[PDB]
Structures are given as structure tokens and as C-alpha cells.
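> This one's a deposited entry, sequence included:
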Amino acid sequence: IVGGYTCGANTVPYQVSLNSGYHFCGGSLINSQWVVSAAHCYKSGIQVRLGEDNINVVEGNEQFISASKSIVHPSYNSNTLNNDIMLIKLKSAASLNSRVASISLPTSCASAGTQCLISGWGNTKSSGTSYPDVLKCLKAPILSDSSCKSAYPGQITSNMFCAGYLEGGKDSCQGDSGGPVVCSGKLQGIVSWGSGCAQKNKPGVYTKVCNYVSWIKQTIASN
Ligand SMILES: [Ca+2]
């Protein structure tokens, strides 16, 4: 997250870190057994880390749970990042508490202009590289579809939305991928892509989770 703030330990209790020997992507706990992330974050051998603040220190509220299954969307296209969503099943149910909690899925899609909370352990520099140890947060508005298409002509599908600040300076970034965009208490986006981070006229692009609720529900009913 570039231009964000320190969230505060466990104040984003649905935020997970996906670990394969190191943090590589975020995700969102949607119930005791299931995490939503980005398909482009797929790796074999994922351990889901819940209750994290500093990902390099055991602070006492973590639950580390292996993935048993990962399910990339049937129509994910890594070339265009269309359908950039994945489900991860945990080997055992998380113990839900004040610091480890699920986030609601949407019923309706989010409105343009809504201020959402984006969070992660990704790079905090727009030019160069610095990865934070503690969880970072950013408040960012959903941009209009017209504005998003203008920014990335020929590349925005109906399953994507833009959010952030066209003047630059505030965005998600590498390493935030797969983590949440929460709007009115619902998981409305997944950190997906963008040209660079926090660059002028290049806002972040996010998977539009409300297009996937029927797939999420039937997949979890079946696995
Ligand atoms: Ca920790």
C-alpha cells in the first residue's frame, strides 16, 4: 500500500497473509473454512496466516492453517486478468474471535464514489521498494467505469473496477495482490492489477467480487 497508514493490530480481522515460506499475497476470510484471494496469486503449498499484524514476529494472536484446496475461477484468464479470483479452503476451521473474523460477501455491487478500505503487506513505495512488516491500510474511492476504461483502454471488463486517485500518490501495490477491498462492510474487490503503483492516471484495478457470489456460494456448497 503506497500512501496509506498503519491499520492497527487486528483491526482488519478478515485480512489474511498467504505464505509459501514468505508472505506473497493477501486474502480475505469469508467464513471459518474459506479464503477469497486473486487467481494470479496461485501457488502450490500455501499456508494461510490469520490474526497477523507484524508478519515477521509472532505476537500471539496468529492462526497458521495449511490450505487443503485451492480453486482458481474456471474462466480465469492470466493474459487479461479477467476473472482474477480464487478460493482457498483451510485444512481446519479457523477459531473465530475478536481478531480473526469473516467478512460478508456482497448482495449488491458497490456504488461508484464509495470510499472503501484496501489493506495489505505490499510495497509502500511508488518509486522503489519497501515492504512493511505491519499491516497497512488505505481509504480509496471506487472510480467510475468510464474513468477506469479511459485509463486502461481495451483492458477493463465488466468483472473489474478501478479505485484510487488519478493524481497519483495513493494505491495498492505488489504484495497487496489478493487482499481485500471492503466497501460498506462487504468484500467488493480483490487487489488485482494496475500499471505501476500510485502513478498519475493509472489507478488500481480490482476484481469485482459481486459478479462472483453465485460461483462462490456453489463452490463452497460443494467442497
Ligand atoms: Ca505475526
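Nice, I can see it. Numbers count the residues shown, from 1 in each chain.
> roughly how far apart are the residue nearest in space to the middle of the chain and the ion?
Nearest to the mean C-alpha position of the chain, by CA atoms, centre = their mean, lies residue 179 at 1.7 Å. Noted for residue 179: a distance of 16 Å to the ion, by CB to the ion, to the nearest Å. Where you see a C-beta, it was placed from the backbone N, CA and C, and this is true even at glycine.
> Look up the closest residue to that residue, ignoring the ones flanking it.
residue 26 (2.5 Å; CB to CB, 6 or more residues apart in numbering).
> How many neighbouring residues does that neighbour have?
The number of residues packed near residue 26 is 29, by other CB atoms under 10 Å.
> Measure how buried residue 132 is and give me the count.
Using other CB under 10 Å, residue 132 is surrounded by 18 other residues.
> from here on, count from 453
With 453 as the first residue, the last one maps to residue 584.
> Report the contact partners of residue 464.
569, 571, 587, 589, 632 (CB atoms under 8 Å, 6 or more residues apart in numbering).
> element containing the residue nearest to residue 631, please.
Assigned by DSSP states H and E, residue 478 belongs to strand 475-483.
> same for that strand, what does it pack against?
Under the contact definition 3 or more CB pairs under 8 Å, 6 or more residues apart in numbering; DSSP states H and E, strand 475-483 sits against strand 467-471, strand 486-489, strand 499-502, strand 632-635, strand 638-645.
> Can you list the strands that that strand pairs with?
strand 467-471 (antiparallel), strand 486-489 (antiparallel) (DSSP bridges).
> Pipe the ones you listed into CSV and attach distance to residue 599 and mean neighbour count per row.
As requested, the strands paired with strand 475-483 are arranged in CSV below (distance: least, CB to CB, whole Å; neighbours: other CB atoms under 10 Å):
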stretch, distance to residue 599, mean neighbour count
strand 467-471, 27, 26
strand 486-489, 26, 26
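> Just put the ones you listed in a markdown table and tack on distance to residue 458.
Formatted as a markdown table, the strands paired with strand 475-483 follow (distance: least, CB to CB, whole Å):
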| stretch | distance to residue 458 |
| --- | --- |
| strand 467-471 | 13 |
| strand 486-489 | 23 |
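> Could you list the residues of the chain in contact with the ion?
504, 506, 511 (CB under 5 Å from the ion).
> hang on, the earlier thing: contacting residues for the residue nearest to the centre of the chain?
467, 477-480, 489, 570-572, 574, 624, 642-643.
> gap between the strand holding residue 478 and the chain center?
7 Å (CA atoms, centre = their mean, to the nearest Å).
> Next, the angle strand 638-645 makes with that strand.
160 degrees (axes from the mean of the first three to the mean of the last three CA atoms, to 10 degrees).
> hmm, who's touching strand 475-483?
Contacts for strand 475-483 (CB under 8 Å, 6+ apart): 465-470, 487-490, 493, 495, 500-502, 507, 540, 546, 552-555, 557, 571-574, 627-632, 639, 642-643, 668, 672.
> what are the C-alpha coordinates of it, in CSV please?
Only the C-alpha atoms of strand 475-483 are listed here, as CSV (Å, rounded to 0.1, in the frame of the first residue of the first chain):
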residue,chain,number,x,y,z
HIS,A,475,4.4,-13.6,2.6
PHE,A,476,3.4,-13.4,-1.1
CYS,A,477,-0.2,-12.2,-1.3
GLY,A,478,-3.2,-11.2,0.8
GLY,A,479,-6.7,-12.8,1.0
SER,A,480,-9.9,-12.4,2.9
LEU,A,481,-11.5,-14.8,5.3
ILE,A,482,-15.2,-15.3,4.2
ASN,A,483,-16.1,-18.0,6.7
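> Sweet, I'm off.
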